[PDB]
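One structure is given below, encoded as structure tokens.
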Amino acid sequence: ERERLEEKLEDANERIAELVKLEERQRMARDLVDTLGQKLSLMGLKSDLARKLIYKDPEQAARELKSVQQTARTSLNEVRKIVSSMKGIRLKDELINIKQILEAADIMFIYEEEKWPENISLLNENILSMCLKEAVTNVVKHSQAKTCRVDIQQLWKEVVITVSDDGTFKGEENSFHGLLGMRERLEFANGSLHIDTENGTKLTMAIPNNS
Amino acid sequence: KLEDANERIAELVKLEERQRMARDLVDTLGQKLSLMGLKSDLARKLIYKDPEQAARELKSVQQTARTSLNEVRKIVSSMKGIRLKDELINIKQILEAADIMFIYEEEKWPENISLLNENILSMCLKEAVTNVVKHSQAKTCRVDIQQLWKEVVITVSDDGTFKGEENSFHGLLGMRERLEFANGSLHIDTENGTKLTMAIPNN
Ligand SMILES: Nc1ncnc2c1ncn2[C@@H]1O[C@H](COP(=O)(O)OP(=O)(O)CP(=O)(O)O)[C@@H](O)[C@H]1O
Ligand SMILES: Nc1ncnc2c1ncn2[C@@H]1O[C@H](COP(=O)(O)OP(=O)(O)CP(=O)(O)O)[C@@H](O)[C@H]1O
Ligand SMILES: [Ca+2]
Ligand SMILES: [Ca+2]
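Residue numbers (full-length UniProt numbering), protein chains in the order written: chain A, 156 to 331, 335 to 369; chain B, 163 to 331, 335 to 368.
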């Protein structure tokens with residue numbers, strides 16, 4: 156009887172579990188709306204500057220419009236991939252995943268666990284995940300590293316992930335395509351990428367927690 | 163443990179409609195982003211060939227950006243809008259209170275209309291009928307809701323008298342803006358009574 160009630164509690168907890176998935180999808184959609192909104196404003200501003208510059212400075216006006224096109228192109232490209240499922244890669248899951256890739260590659264995985272980033276958007280998590288996966292894939296294909304260190308830090312208004320390997324960088328002076339892919343999606347989020355290849359390869363990727 | 167479960171399920175189920183409204187915003191914002199992409203590109207191609215036409219396209223880009231953000235702004239937090247079935251009932255009730263005769267011949271209900279576009283049409287219908295009650299002195303108000311080919315058309319016709327000037331273009338501008346946002350339209354005939362036709366694409 157309570158016997159049978161405890162049953163209904165679990166059916167209830169099971170449906171709450173599925174429903175929470177919808178809630179994460181609702182959160183991802185919201186993140187899309189916020190980002191599309193901001194890019195829409197930015198484009199607004201740049202096209203307005205361009206209009207004010209059509210006579211004063213036509214070449215600068217063409218440059219602003221070219222930045223408008225690029226913003227549009229790359230916004231649609233990042234949303235396109237997400238819109239049907241409204242699901243991305245979680246950072247906890249990717250971190251596990253790259254551990255497994257490193258183990259199969261027999262490259263030692265160094266990770267010191269510290270405060271996990273608390274209030275990161277599903278969009279920005281997906282971006283950082285895809286970048287971490289790309290940085291580590293590269294470690295495995297190209298570095299000949301013996302170790303690979305991942306640091307994930309919640310700094311002030313930003314999350315910074317560092318992937319450092321102690322192999323050798325095999326790219327040219329102008330290796331700028336996984337690498338451009340990373341830079342684009344991070345700059346789309348108002349973040350950044352830095353590469354040091356001086357002794358091993360160090361990628362630092364930074365992304366605002368929100369907007 | 164049990165009581166609270168279904169109280170949590172009872173709300174989280176509401177995400178189903180909210181999740182739909184959010185996809186509708188993402189789709190609309192996407193489209194307006196593309197359209198701004200295209201217009202700014204045409205503007206760029208015209209900087210030297212036709213500067214004044216370039217300026218015009220960029221002004222259209224600004225407008226599109228402004229009004230888009232204005233429509234979304236109101237919906238984003240709640241992700242909830244008015245349903246057309248519920249507004250139809252509501253305007254019945256306003257007309258009854260106003261003692262204006264509500265004429266509605268029921269026909270095929272629009273089947274595949276976006277929540278966003280429903281919310282727009284609802285707010286336009288509510289405005290049209292509010293106006294009927296405040297200004298028309300009509301005895302009848304007829305509302306027609308028609309699924310035409312790729313568009314839904316709602317006609318609100320009263321047999322009172324139009325009290326506005328020649329340039330009454335602010336509920337009316339509100340209507341025209343939000344319908345043009347959705348790629349729809351508004352027409353007013355005030356010849357004998359006031360007739361508003363509002364049209365919006367389904368998706
Ligand atoms: N961790 C790393 N260690 C050593 N070399 C690396 C590295 N990551 C990248 N590289 C070098 O930089 C080049 C560019 O890498 P990038 O990922 O940009 O394109 P790719 O060369 O892996 C083909 P793709 O990325 O398109 O699969 C690689 O070919 C490799 O030479
Ligand atoms: N169905 C109708 N019958 C008679 N007059 C109408 C009418 N609809 C609109 N009007 C007239 O047009 C004017 C403009 O309508 P609109 O709704 O744009 O602004 P409003 O005058 O109602 C202030 P608000 O929009 O805040 O109510 C009204 O004041 C009224 O003169
Ligand atoms: Ca690569
Ligand atoms: Ca009004």
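A virtual CB, placed ideally from N, CA and C, is assigned to each residue, including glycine.
Heavy atoms of ligand 3 versus C-beta positions, residues under 5 Å: A:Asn293, A:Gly336
The stretch 203-223 of chain A: positions lying closer than 8 Å to chain B by Cβ: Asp203, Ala205, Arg206, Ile209, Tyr210, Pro213, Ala216, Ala217, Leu220, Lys221, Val223
Residues within the stretch 244-259 of chain B neighbouring chain A, beta-carbon criterion of under 9 Å: none
Heavy atom of ligand 1 within 6 Å of A:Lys301 beta-carbon: As a position in the first sequence, residue 301 of chain A is number 146, starting the count at 1. Outside the cutoff, so no.
C-alpha gap between A:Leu231 and B:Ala259, whole angstroms: For the purposes of this step, residue 231 of chain A is identified with residue 76 of the first sequence, where counting begins at 1. For the purposes of this step, residue 259 of chain B is identified with residue 97 of the second sequence, where counting begins at 1. Whole-angstrom Cα-Cα distance: 49 Å.
Interface flag, B:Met198 vs chain A, CB-CB below 7 Å: As a first step, residue 198 of chain B is located in the second sequence; it is residue number 36 there, counting from the start. Yes, B:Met198 lies at the interface with chain A (some Cβ there is under 7 Å from its Cβ).
Reference B:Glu328, options B:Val318, B:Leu204, B:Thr355, closest by Cα: Against the second sequence, residue 328 of chain B aligns to sequence position 166. Cα-wise, what sits closest to B:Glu328 is B:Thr355.
Contacting positions in the stretch 259-292 of chain A - beta carbon closer than 7 Å to chain B: none
Chain A contact residues for B:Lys194, given Cβ-Cβ distances below 9 Å: If you number the second sequence from 1, residue 194 of chain B lands on position 32. Those are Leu191, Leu195, listed as they occur along chain A.
6 Å CB neighbourhood of A:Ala364 in its chain, flanking five on each side removed: Numbered from its first residue, the first sequence carries residue 364 of chain A at position 206. Cβ neighbours of A:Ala364 beyond the five flanking positions: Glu313, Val315, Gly349, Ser350.
A:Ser319: CB within 6 Å of a non-hydrogen atom of ligand 1: Within the first sequence, numbered from 1, the residue matching residue 319 of chain A stands at position 164. No, Cβ of A:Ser319 sits at least 6 Å from all heavy atoms of ligand 1.
Residue interval of the alpha helix (DSSP H) (run including B:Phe346): Start at 1 with the first residue of the second sequence, and residue 346 of chain B comes out as number 181. From DSSP, the alpha helix (DSSP H) with B:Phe346 extends over 336-346.
Boundaries (first-last residue) of the beta strand (DSSP E) holding B:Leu361: Start at 1 with the first residue of the second sequence, and residue 361 of chain B comes out as number 196. Where B:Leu361 is concerned, the enclosing beta strand (DSSP E) stretches over 359-366.
Touch test, the stretch 233-248 of chain B against the stretch 211-230 of chain A, Cβ-Cβ under 8 Å, three pairs minimum: no
Continuous beta strand (DSSP E) stretch holding A:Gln308: start and end: Within the first sequence, numbered from 1, the residue matching residue 308 of chain A stands at position 153. Unbroken beta strand (DSSP E) run through A:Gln308: 302-309.
CB contact below 7 Å: B:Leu164 versus chain A: Walking along the second sequence from the start, residue 164 of chain B turns up at place 2. Chain A contact via Cβ: present.
Closest Cα partner of B:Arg218 within the set B:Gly336, B:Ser276, B:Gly192, B:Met198: Along the second sequence, one-based indexing puts residue 218 of chain B at 56. Among B:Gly336, B:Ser276, B:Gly192, B:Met198, the Cα nearest to that of B:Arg218 is on B:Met198.
Test: A:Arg170 CB closer than 7 Å to a CB of chain B: On the first sequence, residue 170 of chain A is found 15 positions in, with the first residue counted as 1. Cβ-Cβ to chain B under 7 Å: yes for A:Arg170.
6 Å Cβ shell around A:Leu174 - same chain, five flanking residues per side excluded: Here residue 174 of chain A refers to the residue found at position 19 of the first sequence. None.
Neighbour-count burial assignment, A:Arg159, 16 or more Cβ in a 10 Å radius: Within the first sequence, numbered from 1, the residue matching residue 159 of chain A stands at position 4. A:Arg159 is exposed by the Cβ-count criterion.
Neighbourhood of residue 334 of chain B by C-beta, 6 Å cutoff - its chain only, sequence neighbours within 5 removed: Because chain B is numbered from 331 directly to 335, the model contains no atoms for residue 334 of chain B.
Any chain B beta carbon closer than 7 Å to A:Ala227: Indexing the first sequence from 1 puts residue 227 of chain A at position 72. Cβ-Cβ to chain B under 7 Å: yes for A:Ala227.
Contact between the stretch 296-309 of chain B and the stretch 210-217 of chain B (3+ Cβ pairs under 8 Å): no
Below-7 Å beta-carbon distance, A:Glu178 vs any chain B residue: Translated into positions along the first sequence, residue 178 of chain A becomes position 23. Yes, because at least one Cβ of chain B sits closer than 7 Å to the Cβ of A:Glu178.
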